[PDB]
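Engineer: Can you read through this structure? Questions will come right after.
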Amino acid sequence: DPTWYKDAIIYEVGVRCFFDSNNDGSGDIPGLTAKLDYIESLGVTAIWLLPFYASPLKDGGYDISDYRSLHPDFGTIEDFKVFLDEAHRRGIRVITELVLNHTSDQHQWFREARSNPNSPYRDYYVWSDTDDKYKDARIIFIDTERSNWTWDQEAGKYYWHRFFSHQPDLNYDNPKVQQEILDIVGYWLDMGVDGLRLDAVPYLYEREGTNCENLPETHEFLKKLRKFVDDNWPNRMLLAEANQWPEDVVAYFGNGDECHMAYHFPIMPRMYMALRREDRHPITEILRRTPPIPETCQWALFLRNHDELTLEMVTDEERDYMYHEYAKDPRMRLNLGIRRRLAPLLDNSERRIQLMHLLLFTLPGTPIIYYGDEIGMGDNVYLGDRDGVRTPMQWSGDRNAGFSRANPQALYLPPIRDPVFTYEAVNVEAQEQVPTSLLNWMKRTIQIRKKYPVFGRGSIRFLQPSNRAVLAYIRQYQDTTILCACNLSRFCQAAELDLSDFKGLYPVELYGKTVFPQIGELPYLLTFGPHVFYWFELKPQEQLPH
Ligand SMILES: [Mg+2]
Ligand SMILES: [Mg+2]
Ligand SMILES: [Mg+2]
Ligand SMILES: [Mg+2]
Numbered sequence: 004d005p006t007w008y009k010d011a012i013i014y015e016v017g018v019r020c021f022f023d024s025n026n027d028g029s030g031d032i033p034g035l036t037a038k039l040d041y042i043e044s045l046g047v048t049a050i051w052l053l054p055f056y057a058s059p060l061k062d063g064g065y066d067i068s069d070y071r072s073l074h075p076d077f078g079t080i081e082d083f084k085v086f087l088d089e090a091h092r093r094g095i096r097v098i099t100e101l102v103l104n105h106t107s108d109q110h111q112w113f114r115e116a117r118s119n120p121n122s123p124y125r126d127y128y129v130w131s132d133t134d135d136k137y138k139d140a141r142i143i144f145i146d147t148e149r150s151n152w153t154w155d156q157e158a159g160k161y162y163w164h165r166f167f168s169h170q171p172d173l174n175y176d177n178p179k180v181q182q183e184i185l186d187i188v189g190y191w192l193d194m195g196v197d198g199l200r201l202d203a204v205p206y207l208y209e210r211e212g213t214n215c216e217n218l219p220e221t222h223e224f225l226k227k228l229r230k231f232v233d234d235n236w237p238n239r240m241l242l243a244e245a246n247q248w249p250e251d252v253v254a255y256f257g258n259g260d261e262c263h264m265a266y267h268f269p270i271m272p273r274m275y276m277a278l279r280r281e282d283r284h285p286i287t288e289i290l291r292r293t294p295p296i297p298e299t300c301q302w303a304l305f306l307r308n309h310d311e312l313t314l315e316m317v318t319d320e321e322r323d324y325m326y327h328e329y330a331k332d333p334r335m336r337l338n339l340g341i342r343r344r345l346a347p348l349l350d351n352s353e354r355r356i357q358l359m360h361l362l363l364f365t366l367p368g369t370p371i372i373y374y375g376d377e378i379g380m381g382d383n384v385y386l387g388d389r390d391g392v393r394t395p396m397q398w399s400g401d402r403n404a405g406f407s408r409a410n411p412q413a414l415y416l417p418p419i420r421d422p423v424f425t426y427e428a429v430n431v432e433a434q435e436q437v438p439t440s441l442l443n444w445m446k447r448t449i450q451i452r453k454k455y456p457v458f459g460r461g462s463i464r465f466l467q468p469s470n471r472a473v474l475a476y477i478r479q480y481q482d483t484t485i486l487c488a489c490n491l492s493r494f495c496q497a498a499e500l501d502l503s504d505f506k507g508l509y510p511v512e513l514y515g516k517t518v519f520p521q522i523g524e525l526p527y528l529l530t531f532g533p534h535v536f537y538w539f540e541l542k543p544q545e546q547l548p549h
């Protein structure tokens with residue numbers, strides 16, 4: 004009930020990308036509502052909607068010019084309320100974006116503030132007569148921005164932006180700014196939205212002689228926001244986009260008094276390294292270096308999202324390794340990251356795609372599926388910024404991949420057309436028809452996961468077999484004990500597990516409930532095909548099947 008987010012399966016979808024219901028070339032909210040059968044049939048329990056508010060769309064809607072209105076291409080407030088009730092009617096929660104940190108430079112606030120130094124809005128933003136303030140803050144969009152200050156001629160001052168120059172940061176030293184945020188929060192939670200994603204949350208406050216990240220004042224505002232939300236809407240959820248090193252990420256949980264969830268940005272790049280190295284150490288090492296979190300808090304697990312695969316919070320040598328291994332074409336790189344989709348990153352290997360999803364589904368947290376990864380969609384690194392991982396959902400082999408009946412040249416972005424990942428080979432309609440497709444494998448795997456709340460809520464203990472290609476761990480919650488063991492190598496592997504804490508129990512494999520040999524006191528030999536992942540419930544004799 005209050006910890007509902009711990010059991011969710013989250014689907015990350017952009018309204019503009021999913022389904023065009025009126026055939027103008029752009030996805031929309033009524034189109035999203037018409038596809039809820041597919042979303043429900045996948046097994047997801049919560050939809051995280053990328054920004055859908057008024058925006059010039061120069062950063063995919065994260066440059067908002069009016070927090071209270073939908074963008075015209077996506078529909079009306081009333082379309083959204085129809086969506087919100089329809090999803091709730093199916094037991095599907097909804098999570099929306101709170102772009103706390105900055106607005107479009109076309110927001111009215113900034114258009115007033117830049118005009119007259121005496122407007123009530125002048126201090127809504129962060130102004131400076133010199134562009135050497137905040138010397139120690141890095142530039143995030145290093146491929147586009149020369150500086151976090153740009154000159155505004157109408158204002159006679161520089162203004163601050165952590166992201167693109169058309170996204171001026173809000174000023175959290177202005178108590179009115181903070182009040183505008185809380186009112187945006189109330190405006191949307193009032194409609195019944197279940198969760199808010201706190202975008203770019205480490206960058207709220209700036210301070211001189213400081214890197215302007217993770218400042219105590221920022222954490223202070225979030226404790227206030229948490230208390231504000233808890234006092235007026237029960238059982239909501241705040242989700243922190245904090246891509247920092249593990250110690251700094253865990254602080255966004257405060258002590259139960261800050262953010263309910265945070266993305267597990269530390270683990271995400273190490274999964275790709277472990278797989279490529281065929282060695283579990285990157286995964287187990289980064290988790291050893293990740294402090295524990297408050298009891299009611301939850302990690303959000305993900306493999307990919309609407310952004311590049313970020314390499315900001317990995318070491319320099321790890322970044323180079325990841326570049327050389329996963330981004331050999333330099334067009335695949337963007338800022339400190341890799342602008343590629345999951346299936347291309349994994350060379351369209353079905354066994355690797357399944358392995359990575361099983362890891363996503365069996366580590367401690369709440370898994371996010373990025374729209375279209377459940378059919379193995381590809382990318383288009385020629386599209387520009389991160390557009391190449393945001394192409395329309397691939398419903399069929401028809402014109403426009405069934406996303407629209409519009410003139411194909413009017414689509415907001417073209418579907419994937421490369422010879423391996425073309426929508427003529429990768430589409431929902433094709434995969435629905437074969438029981439072994441990636442989509443049906445995902446449906447079945449999610450269905451099993453939902454019978455086992457241990458995965459969202461239980462503890463974890465890692466094993467240490469001497470075969471370094473094998474990653475094995477125990478999940479426990481209440482009366483349920485799970486053994487997960489998988490092979491990170493593209494070759495067959497053998498490993499021996501010390502399961503002596505569970506002598507006398509039987510590993511029962513969750514896919515077909517097949518009974519493996521009883522755990523004795525001797526080490527337990529498992530044997531793996533390439534990239535094979537096993538999950539077993541350890542069960543006593545009186546609970547074996549058949
Ligand atoms: Mg449309
Ligand atoms: Mg800021
Ligand atoms: Mg180890
Ligand atoms: Mg393989």
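Numbering-wise, the authors' numbering comes out as the position in the sequence shown, counting from 1, plus 3. Every residue gets a Cβ at the ideal spot worked out from N, C-alpha and C, and that includes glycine.
#1: Relative to the C-alpha of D186, which candidate in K160, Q247, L103 and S29 has its C-alpha closest?
#2: Since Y14 and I378 are thought to touch, with beta carbons under 8 Å apart, how far apart are those beta carbons, to the nearest angstrom?
#3: How is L500 classed by DSSP in three states: helix, strand or coil?
#4: In the DSSP output, which residue or residues are listed as bridge partners for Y162?
#5: Evaluate contact between the stretch 444-453 and the stretch 329-348, counting only Cβ atoms and requiring at least three cross-stretch pairs below 8 Å.
#6: Is it true that the CB of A243 sits closer than 7 Å to the CB of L201?
#7: Rounded to whole angstroms, what's the CA-CA distance from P285 to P422? Just pull it up for me.
#8: Starting from the Cα of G259, find the closest Cα among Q301, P269 and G387 and give me that residue.
#9: Is the separation between the beta-carbon of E100 and that of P54 shorter than 7 Å?
#10: Helix, strand or coil, according to DSSP, for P468 in the structure here?
#11: Ligand 3 and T293: does any heavy atom of the ligand fall closer than 6 Å to the residue's C-beta?
#12: Could you compute how far the alpha carbon of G340 sits from the alpha carbon of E311?
#13: Ligand 2 heavy atoms versus the CB of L35: any closer than 6 Å?
#14: For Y374, which residues from the same chain have a beta carbon less than 8 Å from its beta carbon, with the 5 sequence-adjacent residues on both sides left out?
#15: Quick check: is any heavy atom of ligand 2 less than 6 Å from the C-beta of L207?
#16: Can you tell which of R141, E223 and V85 has its C-alpha closest to the C-alpha of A254?
#17: Using CA atoms only, rank isn't needed, just tell me which of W236, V252 and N151 is closest to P297.
#18: Can the beta-carbon of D176 be found closer than 7 Å to that of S150?
#19: Going by DSSP in three states, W236 sits in which element: helix, strand or coil?
#20: Are the beta-carbon atoms of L474 and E281 separated by less than 7 Å?
#21: Take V457 and list the residues in its own chain whose beta-carbon comes closer than 6 Å to its own, dropping the five residues that flank it on each side.
#22: With a CB to CB cut of under 6 Å and the five nearest residues on each side skipped, what residues in its chain are close to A11?
#23: Does any heavy atom of ligand 1 sit closer than 6 Å to the C-beta of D332?
#24: In angstroms, rounded to a whole number, what distance separates the CA positions of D40 and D82?
#25: Just checking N104 against ligand 2 - is the residue's beta carbon closer than 6 Å to any of the ligand's heavy atoms?
#26: Given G507, which residues of its chain have a CB within under 6 Å of its CB, disregarding the five upstream and five downstream residues?
#27: Of the residues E115, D146, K160 and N119, which one's Cα is nearest the Cα of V129?
#28: Relative to the C-alpha of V384, which residue among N410, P347, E353 and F364 is closest?
#29: As a quick exercise: from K9, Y8, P5 and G28, pick the residue whose alpha carbon is nearest that of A413.
#30: Identify every residue that forms a DSSP beta bridge with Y480.
#31: Taking 6 Å as the cut-off, does the CB of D172 come closer than this to any heavy atom belonging to ligand 2?
#32: I think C489 touches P533, with their Cβ atoms under 8 Å apart; what is that distance to the nearest whole Å?
#33: Flag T425 as yes when its Cβ comes closer than 6 Å to any non-hydrogen atom of ligand 3, and as no otherwise.
#34: Counting Cβ pairs, one atom from each stretch, are 3 or more of them under 8 Å apart for the stretch 526-544 and the stretch 501-515?
#35: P59: beta carbon under 6 Å from a heavy atom of ligand 4?
#36: Using the three-state DSSP reduction, which class does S44 fall into: helix, strand or coil?
Structural biologist: With the given structure in hand:
#1: For the residues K160, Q247, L103 and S29, the minimum Cα distance to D186 belongs to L103.
#2: Actually they are not in contact, since the Cβ atoms of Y14 and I378 sit about 13 Å apart, beyond 8 Å.
#3: DSSP places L500 in strand when its eight states are reduced to three.
#4: DSSP output for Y162 lists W130 and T153 as bridge partner(s).
#5: Judged by Cβ distances under 8 Å, the stretch 444-453 makes no contact with the stretch 329-348, as fewer than three pairs qualify.
#6: Yes.
#7: Distance between the alpha carbons of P285 and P422: 33 Å.
#8: Out of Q301, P269 and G387, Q301 has the C-alpha closest to the C-alpha of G259.
#9: Yes; because the gap between Cβ atoms is below 7 Å, this pair is in contact.
#10: Three-state DSSP puts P468 in coil, outside helix and strand.
#11: Taken from the Cβ of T293, every heavy atom of ligand 3 lies 6 Å or farther away.
#12: When rounded, the separation of the alpha-carbon atoms in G340 and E311 is 6 Å.
#13: No, since every heavy atom of ligand 2 falls outside the 6 Å radius drawn around the Cβ of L35.
#14: Exclusion of the five residues before and after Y374 leaves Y14, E15, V16, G17, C20, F21 and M396 as the residues of its chain whose Cβ lies within less than 8 Å of its Cβ.
#15: Distances from the CB of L207 to the heavy atoms of ligand 2 include at least one below 6 Å.
#16: Among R141, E223 and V85, the Cα nearest to that of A254 belongs to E223.
#17: Cα-wise, what sits closest to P297 is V252.
#18: Using a Cβ distance threshold of 7 Å, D176 and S150 do not count as a contacting pair.
#19: It is coil, neither helix nor strand.
#20: No, these two residues do not count as a Cβ contact at 7 Å.
#21: Correct list, in chain order: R478, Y480, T483 and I485.
#22: So the qualifying residues of the chain are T48, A49 and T369.
#23: No - ligand 1 has no heavy atom lying nearer than 6 Å to the Cβ of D332.
#24: Looking at the two C-alpha atoms, the distance is approximately 17 Å.
#25: Distance from the C-beta of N104 to the nearest heavy atom of ligand 2 is below 6 Å.
#26: Contacts found: none.
#27: Of the listed residues, the one whose Cα sits closest to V129 is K160.
#28: When each option's Cα is compared against that of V384, the closest is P347.
#29: Just measuring C-alpha positions, the residue of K9, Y8, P5 and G28 sitting nearest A413 is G28.
#30: Beta-bridge analysis with DSSP links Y480 to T483.
#31: Relative to the non-hydrogen atoms of ligand 2, the Cβ of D172 comes within a distance shorter than 6 Å of at least one.
#32: Your pair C489 and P533 does not check out as a contact, with CB atoms roughly 11 Å apart and the cut at 8 Å.
#33: Remark: the C-beta of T425 is outside contact range of ligand 3, defined as less than 6 Å to any heavy atom.
#34: Touching, per the Cβ criterion.
#35: Not one heavy atom of ligand 4 sits closer than 6 Å to the Cβ of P59.
#36: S44: helix per DSSP, three-state reduction.
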